[PDB]
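**Student:**
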Amino acid sequence: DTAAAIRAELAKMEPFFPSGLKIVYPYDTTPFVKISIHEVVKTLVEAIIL
Amino acid sequence: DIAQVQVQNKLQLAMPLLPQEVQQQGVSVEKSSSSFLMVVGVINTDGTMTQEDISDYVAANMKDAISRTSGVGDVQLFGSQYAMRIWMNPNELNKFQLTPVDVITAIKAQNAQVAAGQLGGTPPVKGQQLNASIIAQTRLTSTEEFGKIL
Amino acid sequence: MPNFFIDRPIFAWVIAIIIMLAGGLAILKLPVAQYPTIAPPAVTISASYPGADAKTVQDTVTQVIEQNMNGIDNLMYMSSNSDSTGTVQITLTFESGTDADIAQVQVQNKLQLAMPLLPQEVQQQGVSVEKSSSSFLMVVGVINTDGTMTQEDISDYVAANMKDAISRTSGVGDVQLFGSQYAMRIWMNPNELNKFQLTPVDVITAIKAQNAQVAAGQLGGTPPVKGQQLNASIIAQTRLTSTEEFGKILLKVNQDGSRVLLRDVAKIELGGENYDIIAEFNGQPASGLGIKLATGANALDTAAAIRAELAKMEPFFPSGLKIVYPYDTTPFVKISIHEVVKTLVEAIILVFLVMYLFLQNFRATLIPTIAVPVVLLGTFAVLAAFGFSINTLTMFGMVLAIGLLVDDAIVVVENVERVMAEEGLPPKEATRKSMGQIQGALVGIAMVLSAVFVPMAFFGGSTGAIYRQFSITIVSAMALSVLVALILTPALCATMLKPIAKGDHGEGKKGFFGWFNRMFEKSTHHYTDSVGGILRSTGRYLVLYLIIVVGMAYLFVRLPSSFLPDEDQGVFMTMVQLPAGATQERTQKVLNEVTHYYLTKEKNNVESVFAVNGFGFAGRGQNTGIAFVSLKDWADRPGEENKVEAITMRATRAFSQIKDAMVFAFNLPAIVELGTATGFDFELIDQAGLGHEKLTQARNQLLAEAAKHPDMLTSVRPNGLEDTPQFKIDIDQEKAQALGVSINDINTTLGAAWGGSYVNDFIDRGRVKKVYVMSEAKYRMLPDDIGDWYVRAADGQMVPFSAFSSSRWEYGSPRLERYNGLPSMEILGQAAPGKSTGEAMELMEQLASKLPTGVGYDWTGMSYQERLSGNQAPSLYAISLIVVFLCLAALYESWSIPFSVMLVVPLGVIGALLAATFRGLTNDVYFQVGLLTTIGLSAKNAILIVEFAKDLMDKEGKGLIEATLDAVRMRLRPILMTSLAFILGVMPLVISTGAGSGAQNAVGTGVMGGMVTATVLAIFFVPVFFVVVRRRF
Amino acid sequence: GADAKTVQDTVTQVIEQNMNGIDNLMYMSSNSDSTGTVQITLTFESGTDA
Amino acid sequence: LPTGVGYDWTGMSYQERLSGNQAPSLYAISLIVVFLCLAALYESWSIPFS
Amino acid sequence: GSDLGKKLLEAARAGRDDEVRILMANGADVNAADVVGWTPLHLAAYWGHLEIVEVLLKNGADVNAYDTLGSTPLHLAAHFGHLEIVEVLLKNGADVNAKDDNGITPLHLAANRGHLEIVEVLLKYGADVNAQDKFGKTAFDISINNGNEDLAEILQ
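Chains as they are written, first to last, in the entry's author numbering: chain C, 301 to 350; chain W, 101 to 250; chain H, 1 to 1033; chain S, 51 to 100; chain X, 851 to 900; chain V, 11 to 166.
The structure is reproduced here in structure tokens:
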């Protein structure tokens, strides 16, 4: 949730950036914790299918 | 929260013991985990933007608005803001019989905002039709204004 | 459960006694306030860097704190306002559900570590973090009739003597002061300082040196010598108590031995700290203090105890002093909470005698008169458990529930009385047979209504705190009503009722009663034949349903949405705003005209006038002013021409003539701390380091381009202030050292002479007061007197300001506001009378996309809660409809049936939408709550029709049509009892003007309208829906 | 260095001036010694979070 | 004592009179809650009186 | 000081041509003055409104008017860089070598900010370059303190 608030606020600045500045995300641990839960969600879905 | 409160209530007894060189830099008390939640990088795609220029913009226009966020206990900047760094030279200071103490005195005597007062203030006299503020000095706000310091 | 509380009646009683006593421990403890804490918690940093401008504060005080408010939890705003008087005010705003104490300490501390960045001239004055409620429980004014006193003496006699006294009082919270406690001020005459070759610097020195406290030590202090028989503290020179003593301090000595003092150079007096504010109670020089409530206390008793504490000290203070109450709301809160008590006790009376009209049996009428008080008292107990309080919202919550309280009693009583009449069965068997029909329908209704009101509690944020009071109250009320209808009411029916044998349908003998029974039977037979005739014809009366739904949806859009009605709290306000560069004398000439108008032309209504010069809203400047107008009791103000909604217009019209003064009179909003008039709080932010001037250009542009669409934007105002003249002195740094003049001498002279410097503290009558130094007005009003101030060089020769300085004028801003760190300026406005707000928002966030490079927009205030909200109500009501459909399919055991019941929600809605249109009533929250109540009890009066018909077609197999006929016949009577009792108990709310008018009417009109329609339409449609659905499935 | 009266005037009567209006407060005592040391003891009701 | 001189308790002496003023309502709320429980258990107003 | 001049002062600072021309139709005073001593000429020259400053002097506005300290509208226009207003108020008879009570010409205000085009505009029309304030400061010394090279060579 904190990371979502931050990824929102950053979008709330890019329009006012001068010519050339760019935002990169070289390090984020959240991309893993919303994939670690998806591959188990679809796992227990395949489970009821099987 | 109450833990940070107790910790910060015990500083108040210690802060008057520290030098005016620490307080003036800003002490910081903060809950925190030891690992970075994340990192956010800023780059000028084209050019004409040195590390210094990107770090300034980051500190000024997107650091404070993120440290105020709810969930962010600590934020570390990979650089620093701007600052009118004044790189001095002794061979030109002993030539004028000067020293850094006089430099600092002149600066902090000429980069200062004075509590001037008020035109047509309070309590006024019967028959006053004017109210204005007074202004004597300002923060030099540039680089070509620090050089004219006498 | 019911068949349990028939052979065990006393058991039921001991519950109804407990949940009665449990209410008494809550009628006496529950805190009584006007409105609960709905606003978002907030705190206000405040700091007065004295004798300053708006940029000095922005750059030395505001930006510093604005950078170090890091790591605060649940933060939404960082609003900030720096003025020209010196006072910065920073207003944060946390979410809903936040502890105010924890947030307040987080701020206190994040500032305590920011303090050693501010100057040595704010740390002294200090800052003050305090919660923002803006809610004066009541204000107290103190006058001297004789005229021997001033504001600066009444203020002191209040602070040193009374502020303490009413602070030990029960539930008093924080006490604010108008005026300023005594302080010794030294007014200097630079024509005399040059003669003695002095300045306002060695004066600062001699006053800091000849008043300070010094530590000395002890005698015989440890470690001692063997043989000491004495220990006693040592006391050196200490503070100066009396002003005369200040005239005895030395500054210098001349060659001839002549000794210089203060008396011969300066003028010493006891006055106030800041003279900017000037209060007047009907022109009488006056002052006062303001009290706001402690969280979790009773306002009525608090005010009755303060009105006593102020008399306990009536005789002690001097003769000529009077105490008046300019602004109080308790005289209105007492009414607002009583006008409902006499409504609830009027409703139990009406439902008692209505059952004397239909049942014609004393023992049958007493039963609800016993159940309804039980339910109300249990509701009070439940509120007391959850920490809730007694408010206007919570009481109106049970007012518009009382119908659901009486409905769950008469449905139990009239059915047992119908059974005892149709079969002659005794009361015990008759009840145990009736509850064999209803015990499940009442639980289904409990679940339905729980699903209907509960979702209202999870809504937006500030409206959440209102809908939540309403929902908690009404849900508690119905949960207890259904229980006492399954616990107590049937036991009462088994004992208090009296046996009647079969054939006692009721014919009546002589009076109203025989006529009424006869006409009831006749109307029943005719209505029954009518419903049969309708059931023969579907389509007709199935297409009228679509006509009604279309009319409802088309009325739901010509209804101007609102939040709360403004009412007559007995007080309103006037605001004066003069041109820039305006003085105090002109503002007081305008406020005295205001006072003369209100005390000469409107003395039949107006009690008093409390004028304050310098205390304006959206500005503390010398330019503006405010006036709190108080009105006589509501019995002394009869009619409609003598209300505030009319005095406001009269006064606005009359003061429109006041030349060179923007005057505006307006009534108080219901929720003071909140925004009013359905406006929007837009604001421009500069995210490219643009100047104040370029952003001002952008704002003027946006305004000039927003008057282009007057169709949805009406009055788009800049809440801020336009730039105003200001005096720029330029200190020549060359010619200042060419003569040997220290610049910290120049700046100090200037600031002390024109702004005032907090020098030290002194003691008076056992209290600490301040020592201010300043010039005498005569010598500091205009330029060209600057040359009168001579500062001292090291060579002794004194130099004027004319040798160092050059002078000029410039238009610099008198107020600089911020938002979330970045500079900004606020822009207000409101949507056109017919257009909604969202349209005005999207329009001017489409007009803001066309502003120069680097200028962005943001919403604040009430408009921020609508960005993160709006899509809550539809989803929550959709899931509520799903819950209702499932709870009814469970009760009837069918997936189709429920729709019949679910097709009477638009009937009770069109009645309210027609009444609120014929009366000009907006779509308040009271209106939505009345819509929901009508929906709930209409669905209740329909659920039982369907349950009766279904049971007749399963247990007795009578058939579809015949069973529906029998059901509409059985249930006709109670439906009219409920509708009639509710209508009669609510009619006073539609008529009652005066106190609680805009709220009583807003509730009762919608309620009555929905009831008429859901009564005379639902008797006819729900059987049609039942038969239709049974045929189609 | 301050005697018992100077501190009841400067230090104590200005703190107990604000300590009124605190929630669930049974009583409050205060002591003002001659060494300048000052103590103020607020006693709240039982069941109160300290 | 002279006029303008009041008295007040504190410490355990405060709780002492607090309990002394509490006990009389306690002995009643604990009786009128036994009467009700008994009348409920046995469904009679005479059994609890006896 | 009349109700027709105050509206001119209000509309010239806010930049309104319709209201200003209307109020001038009704015979309003274009020599109006605030409590500081400012005609709408000063406000226009200060805030950058042309198409208005071109209008006030046609209606008979005093060009060399001075406030309670001696600041003409050239002083205000020459201090911010309104070239299209400087080349106007001079064509209409403004004293380029003027002086406030202090003693500064509009050169001493244009050489401070670096409005070199205005420096040329002014010294084209006889601006004194050997003039001094009450401090003994020319425009050359002021251009040297600020360390400019353009304004250093313009003045030889």
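All C-beta atoms in this analysis are idealised placements derived from N, C-alpha and C, irrespective of residue type, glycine included.
Helix, strand or coil for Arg971 (chain H), going by three-state DSSP, please let me know.
**Tutor:** Three-state result, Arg971 (chain H): helix.
**Student:** Considering only C-alpha positions, which residue in the set H:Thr978, H:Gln106, H:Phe1025 and H:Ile983 is nearest to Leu405 (chain H)?
**Tutor:** Taking only the C-alpha atoms, the option nearest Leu405 (chain H) is H:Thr978.
**Student:** Which whole-angstrom value is the C-beta distance of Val484 (chain H) and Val413 (chain H), which I expect to be below 8 Å?
**Tutor:** Distance from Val484 (chain H) to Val413 (chain H) at the Cβ level is roughly 12 Å; contact not present, criterion being Cβ atoms closer than 8 Å.
**Student:** Note down, in chain order, all residues in the segment 685-714 of chain H with a beta-carbon under 8 Å from any beta-carbon belonging to chain C.
**Tutor:** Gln687 and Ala688
**Student:** Relative to the C-alpha of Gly97 (chain H), which candidate in H:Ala54, H:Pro41 and H:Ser133 has its C-alpha closest?
**Tutor:** H:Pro41
**Student:** Using a beta-carbon distance below 9 Å, is residue 328 (chain W) in contact with chain C?
**Tutor:** Residue 328 (chain W) is absent from the structure shown; chain W starts at 101 and stops at 250.
**Student:** Below 8 Å, how does it come out for the segment 81-90 of chain S and the segment 294-306 of chain H: are there three or more Cβ pairs, yes or no?
**Tutor:** Counting Cβ pairs under 8 Å, fewer than three are found: no touch.
**Student:** For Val46 (chain V) and chain W, any beta-carbon pair shorter than 9 Å?
**Tutor:** yes
**Student:** Beta carbons nearer than 7 Å to chain H: which residues of the segment 132-161 of chain V have them?
**Tutor:** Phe145
**Student:** Do the CB positions of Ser875 (chain H) and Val454 (chain H) come within less than 9 Å of each other?
**Tutor:** no
**Student:** Going by DSSP, what residue range makes up the beta strand (DSSP E) through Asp686 (chain H)?
**Tutor:** In the DSSP assignment, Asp686 (chain H) falls within the unbroken beta strand (DSSP E) covering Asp681 to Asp686.
**Student:** Decide if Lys55 (chain H) is buried, meaning its Cβ has at least 16 other Cβ atoms within 10 Å, or exposed.
**Tutor:** buried
**Student:** What are the start and end residues of the beta strand (DSSP E) that includes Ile882 (chain X)?
**Tutor:** Taken as a continuous stretch (DSSP letters only), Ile882 (chain X) belongs to no beta strand (DSSP E), as it is neither H nor E.
**Student:** Taking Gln112 (chain H) as part of the alpha helix (DSSP H), name the residues at either end of that continuous run.
**Tutor:** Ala100 to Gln112
**Student:** For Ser84 (chain S) and chain H, any beta-carbon pair shorter than 9 Å?
**Tutor:** Yes, contact with chain H.
**Student:** I think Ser997 (chain H) touches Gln830 (chain H), with their Cβ atoms under 8 Å apart; what is that distance to the nearest whole Å?
**Tutor:** Going by Cβ atoms, the distance from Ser997 (chain H) to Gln830 (chain H) rounds to 23 Å, so no, they are not a contact pair.
**Student:** With 9 Å as the threshold, decide whether the Cβ of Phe386 (chain H) is near any Cβ in chain A.
**Tutor:** Absent here is chain A; the protein component of the structure consists of chains C, W, H, S, X and V.
**Student:** If you count every other CB in all the chains shown that lies within 10 Å of the CB of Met1008 (chain H), and 16 or more means buried, which is it?
**Tutor:** buried
**Student:** Would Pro315 (chain C) pass as an interface residue toward chain H - the criterion being a Cβ-Cβ separation below 9 Å?
**Tutor:** yes
**Student:** State the Cα-Cα distance for the pair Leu289 (chain H) and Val884 (chain X), rounded to the nearest angstrom.
**Tutor:** Computed Cα separation, rounded: 52 Å.
**Student:** Helix, strand or coil for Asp53 (chain S) per DSSP?
**Tutor:** Look at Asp53 (chain S) here: in three-state DSSP terms it is coil, with no helix or strand label.
**Student:** Does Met76 (chain S) have its Cβ less than 9 Å from a Cβ in chain X?
**Tutor:** At least one chain X Cβ lies under 9 Å of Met76 (chain S).
**Student:** Ends of the beta strand (DSSP E) at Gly288 (chain H)?
**Tutor:** From DSSP, the beta strand (DSSP E) with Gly288 (chain H) extends over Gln284 to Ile291.
**Student:** In whole angstroms, what is the alpha-carbon distance linking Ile991 (chain H) and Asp44 (chain V)?
**Tutor:** Straight-line Cα distance between these residues: approximately 56 Å.
**Student:** So is the beta-carbon of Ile154 (chain H) under 8 Å away from any non-hydrogen atom of the ligand NAP?
**Tutor:** This structure does not include the ligand NAP; it has no bound ligands of any sort.
**Student:** Anything in the segment 222-247 of chain W with a Cβ closer than 7 Å to a Cβ of chain V? List those residues in chain order, please.
**Tutor:** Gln229, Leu230, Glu244 and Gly247
**Student:** Please list, in chain order, the chain H residues whose beta carbon lies closer than 8 Å to that of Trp895 (chain X).
**Tutor:** At a beta-carbon threshold of 8 Å, the residues of chain H lying near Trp895 (chain X) are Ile10, ordered along the chain.
**Student:** List the endpoints of the continuous alpha helix (DSSP H) containing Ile62 (chain V).
**Tutor:** From DSSP, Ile62 (chain V) is part of no alpha helix (DSSP H); its letter is neither H nor E.
**Student:** Is the CB of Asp784 (chain H) under 9 Å away from at least one CB in chain W?
**Tutor:** no
**Student:** Report buried or exposed for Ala878 (chain H), applying the criterion of at least 16 other Cβ atoms within 10 angstroms of its Cβ.
**Tutor:** Exposed, because fewer than 16 other Cβ atoms sit within 10 Å of the Cβ of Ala878 (chain H).
**Student:** Mind pulling the chain W residues with CB within less than 7 Å of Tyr275 (chain H)?
**Tutor:** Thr222 and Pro223
**Student:** Spell out a yes or no on whether the segment 527-547 of chain H and the segment 959-977 of chain H are touching, meaning 3 or more CB-CB pairs, one atom from each, closer than 8 Å.
**Tutor:** yes
**Student:** With a cut-off of 9 Å, does the C-beta of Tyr857 (chain X) fall near any C-beta of chain S?
**Tutor:** no
**Student:** Using a Cβ-Cβ cut-off of less than 8 Å, list which residues of the segment 845-856 of chain H approach chain C; keep chain order.
**Tutor:** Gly854 and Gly856
**Student:** Three-state secondary structure (DSSP) at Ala149 (chain V)?
**Tutor:** helix
**Student:** Please identify the residue among H:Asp924, H:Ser900, H:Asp264 and H:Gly930 whose C-alpha is closest to the C-alpha of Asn941 (chain H).
**Tutor:** H:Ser900
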